[PDB]
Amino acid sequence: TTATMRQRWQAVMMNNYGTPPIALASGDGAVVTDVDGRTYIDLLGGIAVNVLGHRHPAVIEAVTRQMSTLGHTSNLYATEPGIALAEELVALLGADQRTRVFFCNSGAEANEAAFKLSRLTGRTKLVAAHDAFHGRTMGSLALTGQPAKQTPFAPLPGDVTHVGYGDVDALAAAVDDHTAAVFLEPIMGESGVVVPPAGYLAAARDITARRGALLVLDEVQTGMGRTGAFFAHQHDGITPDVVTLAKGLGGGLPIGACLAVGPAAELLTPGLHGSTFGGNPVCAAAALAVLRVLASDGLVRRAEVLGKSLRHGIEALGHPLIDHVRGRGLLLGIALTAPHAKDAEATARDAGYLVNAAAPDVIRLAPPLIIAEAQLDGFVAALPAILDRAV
């Protein structure tokens, strides 16, 4: 039962997450079932990870085949899946200069790799945005712009300056010839699906290039085609110096990547970085399968179409609790006129939908890219009652 599972959790787990309110038993596609038999339509994807939902046959096949061929070896040895995955990610980025890949296990680790890259420029100053999220390890936590998550762990590694997200003048003023790198999410996810103004990413690219700073785009949450281009920054026609990926990269299997373009790709020399599990054949095979399905089923273009319709349906409700809808593709935020997002998360759960109160007044959606339009339509139809009950 849910009570029994929660009691077991509380007896053994550290309390860094609190106690989960529901205990899940099974999942298939975009539908999960708790241990008491209740079903839920998953509009959150385990926080943007389950790009292909649960039990996707291509991921299952890839993992099973690879485990029956060759498992972990470490990077003392070259293995096919990681090399092929690196080739595919480089092709997807489409940079004009040579691009090189480092594999790791998580978004924090990918940003730690980028942090270490920035040190090799000879500069130690870094710029990120207030309310940005880049991970929880000591280096990535310094880049994260969330004082609540940071101050108990001070001092953090330096020297980071945080500026208002989307503020071109503030960014131009903070970046100078001592700035190693600027880290930006193309849409701030954890903060509440905060989309920057038109032209902001292009300004960031110009500012950084002019001052010799690396532009690092954290695509851990916005990548994997979620916004209707493989990398969200591709909507703005820029090429950053470094891109980080994780979350949906392995369709559920733990894997992250740091891609570096041009001179930044040559900064790491032998012995200067590594990760034991990085690039392992099983997780790389899963990620290769995810890329294959995204391509074969046209899921990147589909995410744009479904997200546009979803945004319009929510806006068409005219519900007084909804201030506006924001995001792109299948990363969407419902900004509320009053801080009832946590209550709306609960009432959505009662109605069988998994959503996220990303901020007191923002409901975040990040559904599997395989979600059916009917499931999105059903959520839109359920939303007025969900919101009425929240207040």
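Residue positions are given as counts along the sequence shown, with the first one as 1.
| Residue stretch of maximal mean CA temperature factor, 37 to 45 vs 321 to 329 | Taking the mean C-alpha B-factor of 37 to 45 and of 321 to 329, the larger value falls to 321 to 329.
| message | Which is higher on mean Cα B factor in this entry, 360 to 368 or 334 to 342? | response | Result: 334 to 342.
| C-alpha B-factor winner, where the candidates are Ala86, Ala78, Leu291, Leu310 | When the deposited C-alpha B-factors of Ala86, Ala78, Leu291, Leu310 are compared, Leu310 is largest.
| According to the deposited entry, which of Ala286, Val175, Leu217, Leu141 has the largest Cα B-factor? | In the PDB entry, the greatest C-alpha B-factor among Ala286, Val175, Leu217, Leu141 is found at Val175.
| field | Chain thirds of CA B-factor: placement of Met13 | value | It belongs to the lowest third of the chain when residues are ordered by C-alpha B-factor.
| task | Looking at the entry's B-factor column for C-alpha atoms only, identify whether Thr64 ranks in the lowest, middle or highest third of its chain. | result | CA B-factor rank for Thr64: middle third.
| By the record's CA B-factor, is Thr99 among the lowest, middle or highest third of residues in the chain? | Top third by C-alpha B-factor.
| query | Where does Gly164 sit by CA temperature factor within its chain: lowest, middle or highest third? | reply | Middle third.
| Relative to the other modelled residues in the chain, which third contains the C-alpha temperature factor of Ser275: lowest, middle or highest? | Lowest third - that is where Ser275 ends up once the chain's C-alpha B-factors are sorted.
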